[PDB]
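Asker: Pasting in a structure now, in structure tokens, and then I'll have a few things to ask.
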Amino acid sequence: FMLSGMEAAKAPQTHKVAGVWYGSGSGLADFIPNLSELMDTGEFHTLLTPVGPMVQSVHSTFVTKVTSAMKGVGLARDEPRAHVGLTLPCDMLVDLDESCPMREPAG
Amino acid sequence: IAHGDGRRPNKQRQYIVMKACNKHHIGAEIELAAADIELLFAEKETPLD
């Protein structure tokens, strides 16, 4: 949300927190000095590779270790026989299955 | 009936009826949570265990 520079009313739920997750966006845009021209050639989607959910944060003052998960159900870290589910912002989800109840079968 | 009228008499009769069964099916559903299932076979240590 912050690296984009997208608008307020497009997603007004996290914009309150996206300025207290981080600063005014200059703490992130210093690493990528091309975001005014990565938009031009239209190649930002060619660079991302999705990963999935997190499992474990190991943190320090300088360098943060992140042990992620692909391929399936990441086993948790706090308790044995526990599984990490994906979590979301409700701002960014847009469902498609719903309508007025008015039927199409499930799978 | 044996009866003497102007009508010609009738016949001995016989009926055979075909009947058979009906199948039925019943479900039931158990969920057992996988956080529970294994610790029947757990590592077996503590007095809290």
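Chain labels run A, B, ... following the order of the structure tokens; each chain numbers its residues from 1, and ligands are numbered from 1 in the order shown.
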Need the shell around range 83-94 of chain A: protein/DNA/RNA residues with any atom at most 8 Å away, counting only C-alpha atoms. Skip same-chain ones fewer than 2 positions apart. Format as a ChimeraX atom specification?

Answerer: /A:11-14,52-55,73-76,81,96

Asker: Let's have the selection written as a PDB file, in the first residue's frame, with N, CA and C atoms.

Answerer:
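Output (selection20.pdb):
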ATOM      1  N   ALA A  11      -8.860   2.462  -0.261  1.00  0.00           N
ATOM      2  CA  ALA A  11      -8.691   1.489   0.807  1.00  0.00           C
ATOM      3  C   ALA A  11      -8.551   2.195   2.147  1.00  0.00           C
ATOM      4  N   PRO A  12      -9.604   2.838   2.659  1.00  0.00           N
ATOM      5  CA  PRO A  12      -9.436   3.737   3.804  1.00  0.00           C
ATOM      6  C   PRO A  12      -9.337   3.048   5.155  1.00  0.00           C
ATOM      7  N   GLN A  13      -9.140   1.741   5.198  1.00  0.00           N
ATOM      8  CA  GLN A  13      -9.060   1.072   6.485  1.00  0.00           C
ATOM      9  C   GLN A  13      -7.631   0.959   6.986  1.00  0.00           C
ATOM     10  N   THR A  14      -6.695   0.615   6.106  1.00  0.00           N
ATOM     11  CA  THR A  14      -5.313   0.405   6.504  1.00  0.00           C
ATOM     12  C   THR A  14      -4.461   1.660   6.408  1.00  0.00           C
ATOM     13  N   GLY A  52       3.751 -16.760   0.222  1.00  0.00           N
ATOM     14  CA  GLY A  52       2.658 -17.326   0.975  1.00  0.00           C
ATOM     15  C   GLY A  52       2.526 -16.715   2.353  1.00  0.00           C
ATOM     16  N   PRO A  53       2.290 -17.544   3.360  1.00  0.00           N
ATOM     17  CA  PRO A  53       2.233 -17.060   4.739  1.00  0.00           C
ATOM     18  C   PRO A  53       3.589 -17.156   5.431  1.00  0.00           C
ATOM     19  N   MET A  54       3.690 -16.461   6.563  1.00  0.00           N
ATOM     20  CA  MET A  54       4.850 -16.552   7.436  1.00  0.00           C
ATOM     21  C   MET A  54       4.739 -17.758   8.352  1.00  0.00           C
ATOM     22  N   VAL A  55       5.843 -18.071   9.018  1.00  0.00           N
ATOM     23  CA  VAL A  55       5.810 -19.032  10.108  1.00  0.00           C
ATOM     24  C   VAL A  55       6.479 -18.434  11.338  1.00  0.00           C
ATOM     25  N   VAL A  73       0.785 -26.397   4.148  1.00  0.00           N
ATOM     26  CA  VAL A  73       0.364 -25.980   5.475  1.00  0.00           C
ATOM     27  C   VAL A  73       1.598 -25.882   6.353  1.00  0.00           C
ATOM     28  N   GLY A  74       2.005 -24.654   6.665  1.00  0.00           N
ATOM     29  CA  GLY A  74       3.186 -24.438   7.477  1.00  0.00           C
ATOM     30  C   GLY A  74       2.951 -24.835   8.923  1.00  0.00           C
ATOM     31  N   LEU A  75       3.775 -25.741   9.439  1.00  0.00           N
ATOM     32  CA  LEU A  75       3.714 -26.116  10.844  1.00  0.00           C
ATOM     33  C   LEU A  75       4.120 -24.937  11.715  1.00  0.00           C
ATOM     34  N   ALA A  76       3.429 -24.758  12.835  1.00  0.00           N
ATOM     35  CA  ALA A  76       3.632 -23.574  13.656  1.00  0.00           C
ATOM     36  C   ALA A  76       4.908 -23.686  14.489  1.00  0.00           C
ATOM     37  N   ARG A  81       1.743 -29.666  17.050  1.00  0.00           N
ATOM     38  CA  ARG A  81       0.437 -29.986  16.464  1.00  0.00           C
ATOM     39  C   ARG A  81      -0.409 -28.729  16.277  1.00  0.00           C
ATOM     40  N   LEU A  96     -16.329 -12.862  -4.428  1.00  0.00           N
ATOM     41  CA  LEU A  96     -17.050 -13.035  -5.681  1.00  0.00           C
ATOM     42  C   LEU A  96     -18.206 -14.007  -5.591  1.00  0.00           C
TER      43      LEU A  96
END

Asker: Pick out the chain B residues within 12 Å of chain A. Count only C-alpha atoms. Give them as a list in words.

Answerer: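 So the contacting residues turn out to be residues 33, 34, 35, 36, 37, 38, 39, 42 and 43 of chain B.
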
Asker: Store the residues of this selection in a file with N, CA and C atoms, as a tab-separated table (two decimals), in the first residue's frame.

Answerer:
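Saved file selection14.tsv follows:
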chain	number	residue	atom	x	y	z
B	33	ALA	N	-10.14	-33.47	15.26
B	33	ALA	CA	-9.18	-32.44	14.91
B	33	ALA	C	-7.76	-32.98	14.99
B	34	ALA	N	-6.94	-32.64	14.00
B	34	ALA	CA	-5.60	-33.22	13.90
B	34	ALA	C	-4.66	-32.71	14.98
B	35	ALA	N	-5.00	-31.61	15.65
B	35	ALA	CA	-4.29	-31.23	16.86
B	35	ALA	C	-4.57	-32.20	18.00
B	36	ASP	N	-5.69	-32.91	17.94
B	36	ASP	CA	-6.05	-33.88	18.96
B	36	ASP	C	-5.53	-35.27	18.62
B	37	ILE	N	-5.66	-35.67	17.34
B	37	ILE	CA	-5.62	-37.08	16.91
B	37	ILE	C	-4.33	-37.75	17.33
B	38	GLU	N	-3.20	-37.08	17.12
B	38	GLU	CA	-1.92	-37.74	17.32
B	38	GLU	C	-1.62	-37.95	18.79
B	39	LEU	N	-2.01	-37.02	19.67
B	39	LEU	CA	-1.49	-37.09	21.04
B	39	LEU	C	-2.15	-38.18	21.89
B	42	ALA	N	1.41	-39.66	21.89
B	42	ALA	CA	2.30	-38.54	22.15
B	42	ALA	C	3.62	-39.01	22.76
B	43	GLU	N	4.44	-38.05	23.15
B	43	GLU	CA	5.78	-38.36	23.63
B	43	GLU	C	5.81	-38.84	25.07

Asker: How far is it from CA of residue 5 in chain A to CA of residue 49 in chain A, in Å with one decimal?

Answerer: 20.7 Å

Asker: Running DSSP on the backbone, which parts of range 53-92 of chain A land in strand (DSSP E), as a list in words?

Answerer: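 Filtering range 53-92 of chain A down to strand (DSSP E) leaves residues 54, 55, 56, 57, 58, 65, 66, 67 and 68 of chain A.
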
Asker: Near residue 57 in chain A, counting only C-alpha atoms, which residues have an atom at most 9 Å away, once you skip same-chain residues fewer than 5 positions from it, shown as a PyMOL selection string?

Answerer: chain A and resi 64-68

Asker: When you look at range 19-31 of chain A with a cut-off of 10 Å (counting only C-alpha atoms), what residues show up, excluding the ones that are within fewer than 4 positions of it in the same chain? I need them as a CSV table (one decimal) with C-alpha atoms, in the first residue's frame.

Answerer:
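Final file, around.csv:
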chain,number,residue,atom,x,y,z
A,1,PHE,CA,0.0,0.0,0.0
A,2,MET,CA,2.8,2.4,0.9
A,3,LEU,CA,5.2,1.6,-1.9
A,4,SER,CA,2.4,2.2,-4.4
A,5,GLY,CA,1.2,5.6,-3.5
A,14,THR,CA,-5.3,0.4,6.5
A,15,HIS,CA,-4.2,3.9,5.5
A,35,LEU,CA,9.1,3.4,-8.8

Asker: Please measure the separation of CA of residue 77 in chain A and CA of residue 56 in chain A, giving the value in Å to one decimal.

Answerer: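 So the two atoms, CA of residue 77 in chain A and CA of residue 56 in chain A, lie 6.6 Å apart.
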
Asker: Work out how far CA of residue 32 in chain B is from CA of residue 70 in chain A, in Å to one decimal.

Answerer: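 Going from CA of residue 70 in chain A over to CA of residue 32 in chain B, I get 25.7 Å.
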
Asker: When DSSP works through the backbone of this structure, what residues of chain A end up as helix (DSSP H, G or I), shown as a PDB file with C-alpha atoms, in the first residue's frame?

Answerer:
ATOM      1  CA  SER A  26      10.418   7.457   2.419  1.00  0.00           C
ATOM      2  CA  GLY A  27      11.731   4.677   4.665  1.00  0.00           C
ATOM      3  CA  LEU A  28      10.815   2.192   1.905  1.00  0.00           C
ATOM      4  CA  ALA A  29      11.180   4.099  -1.366  1.00  0.00           C
ATOM      5  CA  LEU A  38       8.829   0.973 -12.974  1.00  0.00           C
ATOM      6  CA  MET A  39       5.241   2.040 -13.590  1.00  0.00           C
ATOM      7  CA  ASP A  40       6.142   3.282 -17.070  1.00  0.00           C
ATOM      8  CA  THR A  41       7.466   0.085 -18.636  1.00  0.00           C
TER       9      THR A  41
END
